[PDB]
Chemist: 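The structure that follows is given in the form of C-alpha cells.
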Amino acid sequence: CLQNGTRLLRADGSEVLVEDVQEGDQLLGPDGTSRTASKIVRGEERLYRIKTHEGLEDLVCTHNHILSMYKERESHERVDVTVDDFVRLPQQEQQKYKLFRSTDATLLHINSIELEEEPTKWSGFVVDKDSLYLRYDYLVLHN
C-alpha cells in the first residue's frame, strides 16, 4: 500500500491521488491497457521511504508493499519482492535490483530505503490482470 498523496495515472491518462481511487476505478497498466482497482483499504503507520539516484519523486509505502523490479543476470529478469524482504537484503544484493518505468534509461537505481520515524496515512487496493499500474511519472507499481 502507498502513502496518501501518491499520484497515479487513470486509464485515460489523467492523474488521481491514491486515496481518491474508488472501487471499480480504471487505472493505467504498463502496457497501456486498463486495470480495475478493488478492495480499497486505508490505514496509518510508519512507512518506508525509497529514494533513487535519479531525480524522481520518492516512493513511500508500507513494509508489506510489493516492489516490481528488474534483477541483473536480456540483462535483467522481472522479480517481485516485498519491502520487508528487500530491506533485509545485504546492500551488495540490493544493488542488483532496479525499479523501472514503462517504455513508451528506464531502470532506476535505489539510493536509500529507510523506515520513517512517524506514522502517516496510506491507501491500498488490488488491481486485476498482472497487478501492475503506473505512477504519474510512469514508475511501474504493484498491488
Side-chain angles (χ1 to χ4, degrees), residues 1-22 25-35 37-143:
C1 328
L2 302 176
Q3 187 175 58
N4 282 11
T6 301
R7 300 154 57 184
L8 313 175
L9 291 178
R10 291 189 185 279
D12 69 347
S14 58
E15 297 194 9
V16 56
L17 298 181
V18 60
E19 69 265 26
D20 298 334
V21 172
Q22 258 316 312
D25 263 355
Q26 298 298 284
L27 303 178
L28 187 49
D31 56 4
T33 60
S34 272
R35 298 286 189 286
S38 58
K39 296 189 183 113
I40 317 301
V41 290
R42 307 208 199 295
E44 178 163 0
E45 66 195 60
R46 290 168 75 174
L47 305 179
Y48 281 84
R49 178 175 300 271
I50 302 167
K51 297 180 148 300
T52 53
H53 287 258
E54 293 78 0
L56 283 315
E57 281 190 0
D58 301 348
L59 179 64
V60 184
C61 63
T62 55
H63 66 101
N64 57 331
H65 185 71
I66 298 167
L67 309 172
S68 287
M69 325 199 69
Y70 272 105
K71 190 181 178 242
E72 313 227 49
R73 182 85 157 190
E74 210 202 37
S75 278
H76 296 72
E77 97 199 87
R78 276 279 291 101
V79 187
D80 297 339
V81 56
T82 69
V83 163
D84 267 339
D85 287 334
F86 183 82
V87 154
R88 291 192 287 259
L89 286 168
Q91 299 188 57
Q92 217 165 49
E93 280 301 312
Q94 290 178 328
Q95 68 190 12
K96 299 171 177 183
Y97 296 77
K98 293 141 177 59
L99 298 169
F100 64 100
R101 316 161 73 177
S102 77
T103 324
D104 213 17
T106 198
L107 295 176
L108 309 172
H109 305 82
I110 293 180
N111 188 49
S112 60
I113 180 163
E114 297 292 346
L115 178 73
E116 294 207 309
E117 66 181 303
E118 291 279 18
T120 62
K121 292 178 178 195
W122 57 264
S123 303
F125 46 70
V126 279
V127 156
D128 69 327
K129 294 185 176 174
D130 57 0
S131 295
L132 307 182
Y133 59 105
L134 291 188
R135 205 168 74 168
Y136 81 101
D137 63 352
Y138 302 104
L139 178 66
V140 174
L141 297 168
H142 190 287
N143 285 22

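Here, residue 1 is the first one in the sequence, and each next residue gets the next number.
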Chemist: Indicate yes or no: at least one non-hydrogen side-chain atom of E116 is less than 4.5 angstrom from one of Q3.
Modeler: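 Yes, close enough: below the 4.5 Å cut-off.
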Chemist: Please report the shortest heavy-atom distance between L134 and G29, naming the atom on each side.
Modeler: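 In this case the closest contact between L134 and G29 is CD1-O, 3.7 Å.
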Chemist: Would you check, one step at a time, whether the test side-chain contact (heavy atoms from CB on, under 4.5 Å) holds for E15 with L9?
Modeler: CA-CA 5 Å; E15 297 194 9; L9 291 178; 4.2 Å; yes
Chemist: Just so I know, are the side chains of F125 and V18 near enough to count as touching, which here means a heavy-atom distance under 4.5 Å?
Modeler: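 When only atoms from C-beta onward are counted, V18 and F125 do touch, with a gap below 4.5 Å.
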Chemist: Taking side chain as C-beta onward, heavy atoms only, is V21 less than 4.5 Å from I40?
Modeler: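 When only atoms from C-beta onward are counted, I40 and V21 do touch, with a gap below 4.5 Å.
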Chemist: Quick check: are there more than 12 heavy atoms from other residues, nucleotides or ligands sitting under 6.0 Å from OH of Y138?
Modeler: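 No - once you tally the heavy atoms of other residues, nucleotides and ligands closer than 6.0 Å, there are 12 at most.
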Chemist: Do the ring centers of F86 and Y48 come within less than 6.0 Å of each other?
Modeler: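 No, ring centres 6.0 Å or more apart.
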Chemist: Could you walk me through whether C61 and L47 satisfy the side-chain contact (heavy atoms from CB on, under 4.5 Å) test, starting with their C-alpha distance in whole Å, then the side-chain angles of each, then the deciding distance to 0.1 Å, before giving a yes or no?
Modeler: CA-CA 5 Å; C61 63; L47 305 179; over 6 Å; no
Chemist: Short question: side chain of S68, backbone of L141 - any donor-acceptor pair under 3.5 Å?
Modeler: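 Such a contact is absent between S68 side chain and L141 backbone.
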Chemist: Assess the side chains of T52 and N111: does a donor N or O sit below 3.5 Å from an acceptor N or O?
Modeler: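 On atom types as modelled, these side chains do not qualify, holding no pair under 3.5 Å.
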Chemist: Look at the side chain of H65 and the backbone N and O of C1, then say whether any donor-acceptor pair between them is shorter than 3.5 Å.
Modeler: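 Confirmed, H65 side chain pairs with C1 backbone.
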Chemist: For the pair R135 and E57, find out whether any cationic side-chain nitrogen is under 4.0 Å from an anionic carboxylate oxygen.
Modeler: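 No.
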Chemist: Please report the interatomic distance CZ(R46) to OG1(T120), rounded to the nearest 0.5 Å.
Modeler: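 Reported to 0.5 Å precision, the distance equals 11.0 Å.
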Chemist: Work out which heavy atom in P30 is nearest to a heavy atom in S102; give both atom names and the distance.
Modeler: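 So the minimum-distance heavy-atom pair works out to O-CB, 3.5 Å.
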Chemist: To the nearest 0.5 Å, tell me how far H109 NE2 sits from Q95 CD.
Modeler: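 Reported value, rounded in 0.5 Å steps: 10.0 Å.
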Chemist: How far does CG of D128 sit from OG of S38, to the nearest 0.5 angstrom?
Modeler: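 Result: 7.5 Å between the selected atoms.
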Chemist: If you look at every heavy atom in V127 and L132, which pair is closest and at what distance?
Modeler: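 Nearest pair, atom of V127 first, then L132: CG1-O, 4.0 Å.
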Chemist: Has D25 got a side-chain atom pairing as donor or acceptor with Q22's backbone, closer than 3.5 angstrom?
Modeler: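 Present.
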Chemist: Under a 4.5 Å cut-off applied to non-hydrogen side-chain atoms, are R7 and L17 in contact?
Modeler: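 Yes; the side chains approach each other to less than 4.5 Å.
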Chemist: Would you find a donor on one side and an acceptor on the other, under 3.5 Å apart, between the side chain of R101 and the backbone of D137?
Modeler: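 Such a contact is found between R101 side chain and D137 backbone.
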Chemist: Kindly indicate whether the side chain of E45, heavy atoms from C-beta on, has any atom under 4.5 Å from the side chain of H63.
Modeler: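 They are in side-chain contact.
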Chemist: I need the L28 CG to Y133 OH distance, nearest 0.5 Å.
Modeler: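 Taking CG in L28 and OH in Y133, the distance rounds to 12.5 Å.
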Chemist: Any side-chain heavy atom of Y136 sitting closer than 4.5 Å to one from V16?
Modeler: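 No, too far: nothing below the 4.5 Å cut-off.
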Chemist: Counting neighbours of CD on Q91 that are heavy atoms of other residues, nucleotides or ligands and sit closer than 6.0 Å, is the number greater than 12?
Modeler: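 It does not: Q91 CD has 12 such atoms or fewer within range.
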Chemist: What's the separation between atom OG1 in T82 and atom CZ in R88, rounded to the nearest 0.5 Å?
Modeler: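 CZ of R88 is found 7.0 Å from OG1 of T82.
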Chemist: So which atom in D12 and which in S14 form the shortest heavy-atom distance, rounded to 0.1 Å?
Modeler: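 Closest heavy-atom pair between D12 and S14: OD1-OG, 2.7 Å.
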Chemist: Report the C-alpha distance between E72 and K98 in whole Å, list the side-chain angles of each, state the deciding distance to 0.1 Å, and finish with yes or no for side-chain contact (heavy atoms from CB on, under 4.5 Å).
Modeler: CA-CA 8 Å; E72 313 227 49; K98 293 141 177 59; 3.0 Å; yes
Chemist: Verify side-chain contact (heavy atoms from CB on, under 4.5 Å) between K121 and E19, making sure each step is shown before the conclusion.
Modeler: CA-CA 9 Å; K121 292 178 178 195; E19 69 265 26; over 6 Å; no
Chemist: Tell me, do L89 and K96 make a side-chain contact under 4.5 Å, heavy atoms counted?
Modeler: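 Side chain of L89 against side chain of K96, heavy atoms only: no contact under 4.5 Å found.
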Chemist: Counting only heavy atoms from other residues, nucleotides and ligands, does the tally under 6.0 Å from CD of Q92 exceed 12?
Modeler: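 Not more than 12 within 6.0 Å, no.
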Chemist: With distance as the sole criterion, is a donor-acceptor pair present between the side chains of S123 and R42 under 3.5 Å?
Modeler: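 There is such a pair (donor and acceptor under 3.5 Å, judged by atom type) between the side chains of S123 and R42.
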Chemist: With rounding to the nearest 0.5 Å, note down the distance linking OG1 in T106 to CG in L99.
Modeler: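 Going from OG1 on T106 over to CG on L99, the span is 10.5 Å.
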Chemist: Where is the tightest heavy-atom contact between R78 and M69, given as atom of each residue plus distance?
Modeler: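 Smallest heavy-atom distance, with atoms named: NH1-O, 3.1 Å.
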Chemist: Looking at every heavy atom in both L139 and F100, which two are closest together, and how far apart are they?
Modeler: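 The answer is CD1-O, 3.4 Å.
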Chemist: Please determine, by modelled atom types, if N64 and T62 share a side-chain donor-acceptor pair under 3.5 angstrom.
Modeler: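 Yes, a side-chain donor-acceptor pair sits under 3.5 Å.
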Chemist: So does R35 pair up with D130, basic N to acidic O under 4.0 Å?
Modeler: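 Salt bridge flag = yes for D130 with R35.
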